[PDB]
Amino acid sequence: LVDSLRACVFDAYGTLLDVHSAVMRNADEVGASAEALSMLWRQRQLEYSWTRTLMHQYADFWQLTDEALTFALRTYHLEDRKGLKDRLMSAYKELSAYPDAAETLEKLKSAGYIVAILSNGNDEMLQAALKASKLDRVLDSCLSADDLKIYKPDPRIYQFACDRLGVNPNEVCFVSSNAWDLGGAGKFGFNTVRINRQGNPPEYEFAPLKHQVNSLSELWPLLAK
């Protein structure tokens, strides 16, 4: 209503964790298609999450990441799909965190916010990435779409966060770099803040943002209690 925020709920893949880094770290082994491969990998991973939910054929996020990567490597006819695939999936398992993630989650946790992740990622892949990047120690809760077998932006995933954290939608500040996820969270009723790193155009305008910043570290002035 007037002084309401109790919880900062973060997206993982694209917001706290850098999805470009799995291919970036291996770009020389991939060759000059690396950027195109990386974009195709990401678009199919997300496509599969959406279409499989619509058609009621769920599989977990690691499996979709794998299928999307296989499809992308095949599309680009790469040499040594197999060794390349192993390296790229290992890099994905421990996806690099954005440089300001750890510090800004610490700062929010110290201001006394419930600090949580809400992610499409299943526990195994998510916990592996959060452990490697040290983000797991600065979280109250990490909530997985794999508990529901239903992906974002179905409202039941945002409802899961509310129910687990014991908060109402208007007591949540929902932070994401993914416009579709901000669209679903905003429609659902979270207060949404976009991390817009590259000044990408607006989308999903029927669910306006509360705020937009260009880095995680700009969340702290904004959310300082």
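Numbering starts at 1 and follows the sequence shown.
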Assert higher mean C-alpha B factor (187-195 or 40-48, deposited values) equals 187-195
Quick note on 29-37 and 164-172: per-entry mean CA temperature factor is higher in 164-172
Based on the entry's values, in what third of the chain does the Cα temperature factor of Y151 lie: lowest, middle or highest?
lowest
Mind checking which third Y92 falls in for C-alpha B-factor across the chain?
middle
Taking only the Cα B-factors deposited for this chain, tell me whether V9 sits in the lowest, middle or highest third.
middle
Among modelled residues of the same chain, the CA temperature factor third for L135:
highest
Relative to the other modelled residues in the chain, which third contains the C-alpha temperature factor of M125: lowest, middle or highest?
middle
